[PDB]
Amino acid sequence: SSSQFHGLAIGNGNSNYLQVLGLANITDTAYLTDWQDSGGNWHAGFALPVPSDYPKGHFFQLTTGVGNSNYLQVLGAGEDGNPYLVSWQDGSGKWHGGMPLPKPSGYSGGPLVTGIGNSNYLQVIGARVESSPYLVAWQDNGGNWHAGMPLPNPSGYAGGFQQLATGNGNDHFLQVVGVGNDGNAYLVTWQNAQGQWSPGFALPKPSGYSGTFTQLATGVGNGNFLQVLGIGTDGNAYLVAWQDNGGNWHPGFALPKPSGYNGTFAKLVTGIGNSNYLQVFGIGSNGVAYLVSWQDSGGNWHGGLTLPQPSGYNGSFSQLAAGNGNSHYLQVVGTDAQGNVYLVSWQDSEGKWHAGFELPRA
Amino acid sequence: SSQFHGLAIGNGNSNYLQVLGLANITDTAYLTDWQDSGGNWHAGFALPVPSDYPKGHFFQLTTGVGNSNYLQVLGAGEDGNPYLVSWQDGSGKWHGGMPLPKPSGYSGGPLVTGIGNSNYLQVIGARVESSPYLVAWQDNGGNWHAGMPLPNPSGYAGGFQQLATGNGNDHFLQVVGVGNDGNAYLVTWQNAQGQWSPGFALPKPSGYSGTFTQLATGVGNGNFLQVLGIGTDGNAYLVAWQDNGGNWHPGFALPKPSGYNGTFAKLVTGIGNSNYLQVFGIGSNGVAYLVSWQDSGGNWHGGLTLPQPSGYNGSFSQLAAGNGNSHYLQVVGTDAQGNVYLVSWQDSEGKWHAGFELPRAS
């Protein structure tokens, strides 16, 4: 067993129990690091069962997706250059070895991103775009996987993308946003309820900022309004743009920073907090794990705070990830400097944050 | 990009120290920074990629010294192929590389190099799922040749989490490994004809019969080859060392920095003042340490906290070490965001000095 990780991914499994996935340091072996029960108790995991067609397989990136019958799917970028379903988890919590994804012609191995598409069909998309965007594969509601295809570039641009991210927009339509190789923020493409993909366009720039971005992340905001957050090349955190319930996009603005903090951010992730208030987390230029900002139910943004340090560790985290656990309490997990997985902090129904702890070793 | 992971270090033209790394999010291979003979640091740029993989990306990098003392940057392609990403000539110019010829059965993964018979550069699979592999070797005229499977240690064949290389004064190339069993092995060595032989379990360190998560080699007193390890107990060990007759001897737990009671991970070695072997690692408190250092009588000494660099009081997620101007040992690292810092540098007298953030790659 390995106990130190990188490349965490987080999702909900059987009975919505939170599952923290990871790549072992040195070996890049896919693991369940830990999982949390309905009492909030954390349990050590174990190496995930790998595909019979990649039987000693290793991955340089992982991500999760909710599949058929809400079976948690763990997707991985093979170190053999192929995309995989590493493993899936059934409704009893048992994990099963996966399979290679039915990828399209012209797809070149890289990191994956998932989204929930039409009829809830899980979509697995290439998260970096060297030429045209690709849907690697999609999964029907009986669990069957289907061959991918190219996806549309946005209006006016075919320069490739550093990063694609996904979120659900108006009428549940999947939106795929990306940071171009030109540093601009795009809606790359969006998918309607019948599964058809349309070209996107440049997202409106945030208030007062004409510059470029290095990273995007999405979050479900007030009124179910999709929010696209970003890190500027300036080092600041932004709401780049948000989408209304009619599908139209509106400009964002620089996020309000935690009181007293004058540094930069990177490694931005979102979470759904108390009263479903959207939370935005990030890592400071001082190494500190922060709630950058949170958004109330009216859409108003509020400066964040230093996340209350977990017991016995006053160091920095190299990655943060978030999800909802027992009673819907928001959990922020991360990897310390060695790669030990911590609950950095958890948040109660009132919005108050509580110090976490180093989770049990896989 | 200016935030990185997966740093590698080597010495290039005029022995100028070179810091290589992988851009965060995109996994693009970069020279992050280099240092001149006066000690001054300089921003890097994206490496030129192989014309057979012209928008390529990599999940791991390493370096070796090639024909004509040309620095070679090897990379594990996200397409599943091992590559020479780029090579540098004696003027400092970088050249796009090529896919390595590879043997049947080699499965894409991280690479490690070593210098073999006839100083031919050897690129070896750093993780072993079946048999150890020589991926490729380079001849004295710079041409690459496909490798072959290499021996296993006597009657262990369970694969290896990690391989490392080093040489004794007898020159023979030694390949050490942590088995999937957690045990340390001499996996194989290459004799004076370039032929490889089965190895054996290394001597275990006095006072610890448990398993290991990582090894690293270092050249110590009298150029004696030392195998360092991180125990599954989280402690740092000299696992074993090799004498001038090529016999192996058991080591012992390293003398820890006085006062320090936590664990270490992410161990790397460096050659310090007076060629004294230095061992570095990252604590469970998130702090970067010199774990121990060894004098010319071969005696080990407790280490210290590396002096925190200017402008950052957080943790580093990776340390890498190399000799720069006037041989001064440089310890570089990635902060929590991925910004590359000189963590600390050591003067001629063995005294460590606070570093600073490096120039950002363009």
Side-chain angles (χ1 to χ4, degrees), chain A residues 1-4 6 24-29 54-61 77-82 108-111 127-128 130-131 160-163 179 181 214-215 233 235 264-267 282-289 312-319 335-340 358, chain B residues 1-3 5 23-28 53-60 76-81 107-110 126-130 159 161-162 178 180 182 213-214 232 234 263-266 281-288 311-318 334-339 357:
Chain A
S1 297
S2 301
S3 289
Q4 294 165 336
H6 54 105
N25 289 352
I26 308 172
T27 63
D28 297 343
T29 304
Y54 195 26
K56 304 292 182 172
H58 297 84
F59 308 88
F60 60 86
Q61 185 255 356
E79 293 188 351
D80 72 342
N82 297 132
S108 190
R128 179 183 61 230
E130 303 88 6
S131 62
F161 298 87
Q162 297 174 252
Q163 183 212 358
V179 173
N181 285 146
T214 59
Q215 189 232 311
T233 58
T264 61
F265 293 108
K267 294 182 175 171
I283 292 167
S285 49
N286 57 2
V288 171
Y313 183 76
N314 292 330
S316 309
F317 291 90
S318 70
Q319 183 193 351
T335 48
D336 78 354
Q338 299 181 335
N340 305 120
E358 188 178 2
Chain B
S1 293
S2 300
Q3 287 158 357
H5 54 105
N24 289 353
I25 297 169
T26 61
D27 298 346
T28 300
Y53 191 26
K55 306 173 171 309
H57 300 85
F58 307 89
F59 59 86
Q60 189 253 0
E78 297 181 354
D79 68 350
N81 301 125
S107 192
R127 187 180 54 229
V128 185
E129 305 85 3
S130 52
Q161 300 178 239
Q162 191 226 313
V178 177
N180 284 139
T213 61
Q214 185 221 325
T232 56
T263 62
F264 293 109
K266 296 184 174 173
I282 292 165
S284 49
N285 67 351
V287 174
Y312 180 69
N313 283 324
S315 311
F316 296 93
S317 75
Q318 186 191 348
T334 46
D335 81 358
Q337 299 177 334
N339 306 123
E357 184 175 11

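All heavy atoms count here, side chains included; hydrogens, waters and symmetry mates do not. Here is how names work: the chains are called A, B, and so on, in the same order as the sequence lines, proteins then strands, and each is numbered from 1.
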> chain B heavy atoms under 4.5 Å from A:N82: which part of the residue, side chain, backbone, both or neither?
Replying inline: neither
> If every non-hydrogen atom of A:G110 is compared with every non-hydrogen atom of B:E78, which pair is closest and at what distance?
Replying inline: CA-OE1, 3.9 Å
>> Among A:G160, A:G315, A:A77, A:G109, which residue has the highest count of heavy-atom pairs closer than 4.5 Å to chain B?
In response: A:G109
>> Heavy-atom cut-off 4.5 Å, strictly under: side chain, backbone, both or neither for B:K266 against chain A?
In response: side chain
> Hey, which of A:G287, A:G339, A:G282, A:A337 has the most heavy atom pairs under 4.5 Å with chain B?
Replying inline: A:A337
> Should B:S315 and A:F317 count as side-chain neighbours, where that means a heavy-atom distance under 4.5 Å?
Replying inline: no
>> Please identify, among B:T232, B:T28, B:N180, B:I282, the residue contributing the most non-hydrogen atom pairs under 4.5 Å to chain A.
In response: B:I282
>> Please give me the minimum heavy-atom distance between A:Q4 and B:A265, naming the atom from each residue.
In response: OE1-CB, 3.7 Å
> Can you tell me how far the OG1 atom of B:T26 sits from the CD atom of A:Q215, to the nearest 0.5 Å?
Replying inline: 12.0 Å
>> Given heavy-atom pairs under 4.5 angstrom as the criterion, report whether the side chain, backbone, both or neither of A:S285 touches chain B.
In response: both
>> Nearest 0.5 angstrom please: A:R128 CZ to B:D27 CG, how far?
In response: 6.0 Å
> What distance separates B:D335 CG from B:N313 CG, expressed to the nearest 0.5 Å?
Replying inline: 11.5 Å
>> I'd like to verify something: which residue of B:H57, B:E129, B:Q161 has the highest number of heavy-atom pairs under 4.5 Å with chain A?
In response: B:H57
>> Is A:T264 close to chain B through its backbone or its side chain, or both, or neither, when contacts mean heavy atoms under 4.5 Å?
In response: both
> Checking heavy atoms, do the side chain of A:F161, its backbone, both or neither come under 4.5 Å from chain B?
Replying inline: neither
> If you count heavy-atom pairs under 4.5 Å between each of B:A126, B:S130, B:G283, B:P54 and chain A, which one has the most?
Replying inline: B:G283
> Relative to chain B, which segment of A:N340 carries a heavy atom at a distance below 4.5 Å: side chain, backbone, both, or neither?
Replying inline: neither
>> So, taking the atom named CG in B:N24 and the one named OG in B:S1, what distance separates them when rounded to the nearest 0.5 Å?
In response: 8.0 Å
> Considering only heavy atoms, which portion of A:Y313 lies under 4.5 Å from any heavy atom of chain B: side chain, backbone, both, or neither?
Replying inline: side chain
> Parallel under 30°, tilted from 30 to 60°, perpendicular over 60°: which one fits the rings of A:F59 and A:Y54?
Replying inline: perpendicular
> By a 4.5 Å heavy-atom criterion (distance strictly below it), what part of A:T214 contacts chain B: side chain, backbone, both, or neither?
Replying inline: backbone
> Pick from A:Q319, A:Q338, A:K56: which one has the most heavy-atom pairs with chain B under 4.5 Å?
Replying inline: A:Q338
>> If I measure from the heavy atoms of chain A, does B:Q3 come under 4.5 Å with its side chain, its backbone, both, or neither?
In response: side chain
